[PDB]
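Residue numbers (PDB author numbering), protein chains in the order written: chain E, 11 to 165; chain L, 2 to 122; chain D, 2 to 206; chain P, 1 to 79; chain H, 2 to 130; chain I, 2 to 71; chain Q, 5 to 82.
Here a beta-carbon is modelled for each residue, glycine too, at the ideal position from N, C-alpha and C.
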RNA sequence: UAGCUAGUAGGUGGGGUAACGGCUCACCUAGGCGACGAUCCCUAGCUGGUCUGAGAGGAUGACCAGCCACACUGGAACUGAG
RNA sequence: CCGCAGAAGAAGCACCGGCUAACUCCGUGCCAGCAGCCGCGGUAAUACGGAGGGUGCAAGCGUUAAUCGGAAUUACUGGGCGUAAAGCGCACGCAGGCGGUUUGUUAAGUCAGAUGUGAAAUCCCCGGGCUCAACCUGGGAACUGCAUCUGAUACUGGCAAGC
Ligand SMILES: [K+]
Ligand SMILES: [K+]
Ligand SMILES: [K+]
Ligand SMILES: [K+]
Ligand SMILES: [K+]
Ligand SMILES: [K+]
Ligand SMILES: [K+]
Ligand SMILES: [K+]
Ligand SMILES: [K+]
Ligand SMILES: [Mg+2]
Ligand SMILES: [Mg+2]
Ligand SMILES: [Mg+2]
Ligand SMILES: [Mg+2]
Ligand SMILES: [Mg+2]
Ligand SMILES: [Mg+2]
Ligand SMILES: [Mg+2]
Ligand SMILES: [Mg+2]
Ligand SMILES: [Mg+2]
Ligand SMILES: [Mg+2]
Ligand SMILES: [Mg+2]
Ligand SMILES: [Mg+2]
Ligand SMILES: [Mg+2]
Ligand SMILES: [Mg+2]
Ligand SMILES: [Mg+2]
């Protein structure tokens with residue numbers, strides 16, 4: 011599996027003494043062949059926060075139907091304030107995505123895609139919206155299955 | 002907004018003004034120093050920052066920052082001002098160009114010489 | 002308009018042999034290739050995604066010996082040309098006469114090849130061309146001029162190119178000192194160390 | 001009147017002429033009625049240095065268009 | 002008041018699918034039946050029927066596949082407040098041609114695919130995916 | 002390497018908002034002085050009547066920095 | 005040959021009518037089909053047209069300052 | 001900026017123009033324009049294009065080419081195919 | 001184009017805290033100064049000034065101005081309005097926008113085909129010519145438009161009769 015650290019944020023809770031600082035870690039993991047998952051870990055140190063995130067990411071991996079290193083069709087993902095748009099691209103386009111979306115799409119094994127992130131670009135909510143995008147994507151074969159047709163009749 | 006409301010009254014684009022009005026869309030303007038003085042900056046910072054009140058050719062009286070260590074400007078010095086806000090000085094939207102007209106280059110500068118009007122040693 | 006500074010500093014910064022020396026001697030014997038140049042070069046800091054993209058771009062530029070403006074133009078052309086921009090970019094660079102002269106084995110380095118070209122020692126189809134960026138096309142015959150066939154560096158450069166992996170898309174004759182640019186190189190023919198998609202992404206910013 | 005003449009294009013020291021039908025009062029490189037060919041005075045050995053639409057020239061001569069001296073020479077060399 | 006019977010029909014399908022209803026029923030019309038026929042033959046609904054005479058009522062049998070509703074999305078495109086027409090060359094592909102656009106042509110209501118092959122444009126009634 | 006200041010004694014004639022002061026100097030010129038950073042950080046209070054050292058600049062003789070209070 | 009059809013909105017001039025030609029145009033930006041009206045002063049030799057009538061008109065030479073259209077026929081009487 | 005207009009809107013006849021025409025004149029009728037923005041005020045030569053933009057847009061109209069206007073300022077005609 | 005002589009006559013500018021590729025020492029001590037924003041400087045400053053080293057560009061390099069972008073931040077494509085800015089205090093109602101269902105008819109909108117036009121240049125594609133390139137150039141494509149003619153009639157509009 012490929013693994014990528016997206017963001018590390020220092021968070022704080024006030025106590026009577028003062029402020030207890032701690033670190034969060036957004037990571038994504040994927041096989042580079044359709045499977046991808048994100049994890050969010052919290053710890054008092056950064057390296058522990060990452061390792062927690064990686065372990066959560068490994069167990070929360072979705073499946074995505076990719077069409078030879080790109081998407082099947084245009085997809086819109088939403089989570090919280092994050093609205094993402096992605097669409098298929100021709101070979102050699104590369105990943106035209108911004109920040110958090112790129113990490114997801116990289117490890118998922120999407121080589122060619124055109125993406126944009128609207129609204130909030132908070133990494134946590136962007137990653138969710140992206141993966142929300144990719145999970146709701148449909149292959150020709152599954153569209154054909156639900157509609158009770160062949161792949162030829164649909165396409 | 003409904004389609005029919007936009008037909009009746011289209012989307013009005015916001016008329017964004019210049020941050021540097023006294024230049025009047027010119028890259029520099031010449032002016033005469035009416036006063037040359039120091040000013041204390043805003044809350045977090047502390048200094049006596051060198052500035053001049055400049056009467057421009059187009060008749061705008063503005064304040065301009067005199068960058069670099071040390072300057073030769075006096076009242077009735079003729080200077081060239083460019084655009085450039087100084088964040089910690091209220092109202093200072095212009096820099097004086099060093100090494101142009103009466104404004105000297107900075108003495109003994111060796112790095113970023115072109116920003117302070119200093120010839121190559 | 003050319004880089005005239007130290008060569009191995011560039012190789013060291015990329016952390017790979019960019020082939021900027023003849024290769025009679027190993028690069029590790031002439032410099033500390035593992036170590037980046039300068040005082041703080043023994044440190045290996047974590048490089049950003051932008052930094053990875055940049056250092057990939059600068060690697061390709063430094064191999065072929067192309068400044069940014071001319072390289073950006075090669076990118077624009079590759080984007081325009083149909084097919085894979087990344088593969089097109091590498092094809093254009095390989096097209097260059099200075100490169101072709103080097104790959105045939107007339108110059109020991111691309112800089113020595115660039116000098117041969119610039120000093121009116123190379124002919125393309127019997128006609129003198131002294132432009133390093135001249136795009137060679139299929140079935141073109143690159144050759145050494147009769148004056149330049151005696152040059153001792155050209156004799157030596159052929160012996161070095163015999164050591165290297167021979168281009169399949171060229172066909173040189175050592176006795177004649179001419180070669181035919183048979184075809185444009187495929188992406189497979191070039192080395193797999195180049196991640197050209199990083200350059201495509203860099204310019205897509 | 002209507003004339004058939006060369007408008008000069010190309011680059012400095014490398015003229016390329018468009019053979020145009022124009023009202024004679026218009027500027028050389030200005031308003032024209034129809035383009036009817038071109039003349040490349042510095043054309044390479046195996047490049048078509050001259051092309052004229054002789055039928056369209058004939059049509060315009062029929063309607064009483066004059067031909068400039070240089071175009072008349074070009075019509076001769078083509079024929 | 003009721004000013005878009007087609008939007009209403011689409012909303013009934015959309016709401017019915019969200020509420021796992023076996024069928025949805027509504028006041029019938031020739032155009033509704035025409036759209037229903039496209040939905041059926043493309044396989045977004047199972048079947049339909051019209052019942053009544055003075056006040057006919059259209060029933061649609063909704064499909065489900067592995068529990069999930071077959072109609073993922075269903076959007077009114079052309080609407081009373083803004084009509085949308087397209088020439089044959091600018092007929093919309095829905096979901097890269099995995100969905101359908103229902104197009105009113107001069108040779109009757111049909112899919113965008115069938116409108117392209119017929120070589121007709123027309124009014125874009127709805128997207129279905 | 003920096004240019005040099007002119008130190009001069011003076012009496013605070015009035016306090017102004019935000020650690021600004023009128024200070025009549027030895028020579029009799031009234032400058033609008035401000036507190037030093039070191040005096041601000043170390044909480045040295047200045048009052049009307051206090052005798053102060055003032056660093057002046059030749060660029061402006063209407064302004065100063067109070068660096069010491071005696 | 006070339007004619008417009010429109011509705012009479014005035015008949016108060018001697019031998020002249022105002023005719024409104026309604027057009028239905030897609031709005032350039034927003035895509036909504038709007039109603040647009042062209043008013044034309046039209047020559048009516050016999051003073052036959054009244055307000056409300058639908059008339060066919062054709063373009064002709066100038067007949068007055070504002071008139072360059074002439075009545076072909078009344079399509080519908082009001 | 002919400003009302004604007006008396007040759008003003010139309011007709012008839014005479015005159016006028018290379019030519020249609022309130023172009024002009026006399027007389028008659030009382031019209032004509034305007035929230036689909038008249039009138040008024042401010043700014044501006046227009047276009048092919050140019051820059052930017054994934055596109056839709058936004059900004060722009062230097063050079064080159066088409067069109068227009070002007071020629072110290074305000075009037076005016078004369079000559080002429082113009 | 002040929003010959004001659006000799007590396008000979010030919011490298012700078014910005015930057016190196018984060019955004020943003022590139023780090024140390026010395027000086028200074030919220031001073032002097034930096035700065036696009038966040039910020040830096042109050043004694044060990046990778047942020048000031050100098051130096052060494054490095055990074056980026058290179059006969060240029062920076063700075064300023066100006067436009068678009070990023071800005072879905074006027075949102076047609078493509079946004080909002082309980083509490084973040086935003087529902088008129090409420091109604092009635094003219095203009096306007098929108099209009100249940102069936103048949104016929106019309107053919108305005110709409111759709112199809114065709115014809116004419118949409119100057120050349122420019123842009124784009126395949127070629128050609130200057131040693132290459134810029135540049136010049138052949139042909140094509142494009143000019144998303146407008147008008148007309150002939151058709152189509154589902155939908156929208158008109159008209160007629162109904163429910
Ligand atoms: K400070
Ligand atoms: K390409
Ligand atoms: K008049
Ligand atoms: K009259
Ligand atoms: K324009
Ligand atoms: K004048
Ligand atoms: K004459
Ligand atoms: K909208
Ligand atoms: K109809
Ligand atoms: Mg250059
Ligand atoms: Mg007129
Ligand atoms: Mg003007
Ligand atoms: Mg955009
Ligand atoms: Mg005359
Ligand atoms: Mg120190
Ligand atoms: Mg916008
Ligand atoms: Mg908003
Ligand atoms: Mg409140
Ligand atoms: Mg509120
Ligand atoms: Mg209320
Ligand atoms: Mg209806
Ligand atoms: Mg029609
Ligand atoms: Mg054209
Ligand atoms: Mg009807």
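Give the interface partners of residue i over in chain D, defined as CB-CB distance under 9 Å, in chain order.
i, result
"residue 106(E)", "202 and 205"
"residue 145(E)", "Within 9 Å Cβ-Cβ: nothing; residue 145(E) doesn't reach chain D, min ~25 Å."
Closer than 7 Å, CB to CB, is residue i near chain H or not?
i, result
"residue 83(E)", "yes"
"residue 36(Q)", "yes"
"residue 93(E)", "no"
"residue 157(E)", "yes"
Would residue i pass as an interface residue toward chain Q - the criterion being a Cβ-Cβ separation below 7 Å?
i, result
"residue 74(L)", "no"
"residue 98(L)", "no"
"residue 24(L)", "no"
"residue 88(H)", "no"
"residue 11(H)", "no"
Which residues in the same chain have their Cβ closer than 6 Å to the Cβ of residue i, if we skip the five residues on either side of it in sequence?
i, result
"residue 128(E)", "93"
"residue 98(L)", "81 and 83"
"residue 71(I)", "52"
Could you tell me how far apart the beta carbons of residue i and residue j are, in whole angstroms, since I believe they sit closer than 8 Å?
i, j, result
"residue 47(E)", "residue 64(E)", "Not quite, the Cβ-Cβ distance comes to about 10 Å (not below 8 Å), so this is no contact."
"residue 54(E)", "residue 32(E)", "5 Å"
"residue 26(I)", "residue 9(I)", "5 Å"
"residue 119(E)", "residue 49(E)", "Their Cβ separation, rounded to whole angstroms, is 18 Å, which puts residue 119(E) and residue 49(E) out of contact at 8 Å."
Is the Cβ of residue i closer than 7 Å to any Cβ of chain L?
i, result
"residue 30(Q)", "no"
Give the residues of chain E in contact with residue i, contact being defined as C-beta atoms less than 9 Å apart.
i, result
"residue 129(H)", "Going along chain E, no residue has its Cβ under 9 Å from residue 129(H), so there is no contact; the nearest lies around 10 Å."
"residue 88(D)", "102"
Give the interface partners of residue i over in chain I, defined as CB-CB distance under 7 Å, in chain order.
i, result
"residue 47(L)", "38"
Residues of chain L with CB closer than 8 Å to the CB of residue i, please, in chain order.
i, result
"residue 19(Q)", "Going along chain L, no residue has its Cβ under 8 Å from residue 19(Q), so there is no contact; the nearest lies around 38 Å."
Enumerate in chain order the residues of its own chain whose CB-to-CB distance from residue i is below 7 Å, with the five nearest sequence positions on each side excluded.
i, result
"residue 51(P)", "37 and 38"
"residue 25(H)", "13, 14, 17, 61 and 63"
"residue 55(D)", "203"
Using a C-beta to C-beta distance shorter than 8 Å, which residues of chain I count as neighbours of residue i?
i, result
"residue 39(L)", "58, 60, 61 and 64"
Can you pull the chain H residues whose beta carbon is under 8 Å from the beta carbon of residue i, in chain order?
i, result
"residue 57(E)", "Here the premise fails: no neighbours, minimum Cβ distance about 41 Å."
With 7 Å as the threshold, decide whether the Cβ of residue i is near any Cβ in chain E.
i, result
"residue 198(D)", "yes"
"residue 63(H)", "no"
"residue 52(D)", "no"
"residue 49(H)", "no"
"residue 1(H)", "An answer regarding residue 1(H) cannot be provided, because it is not within the stretch 2 to 130 covered by chain H."
If you reduce the DSSP assignment to three classes, tell me which class residue i lands in.
i, result
"residue 58(L)", "coil"
"residue 76(L)", "coil"
"residue 96(H)", "helix"
"residue 20(I)", "coil"
"residue 27(E)", "coil"
Could you check whether the Cβ of residue i sits closer than 7 Å to any Cβ belonging to chain D?
i, result
"residue 42(E)", "no"
Chain I beta carbons: is any one of them nearer than 7 Å to that of residue i?
i, result
"residue 43(L)", "no"
"residue 111(L)", "no"
Could you name the residues of the same chain whose beta carbon sits closer than 8 Å to that of residue i, not counting the 5 residues immediately before and after it, in chain order?
i, result
"residue 109(H)", "35"
"residue 19(H)", "70"
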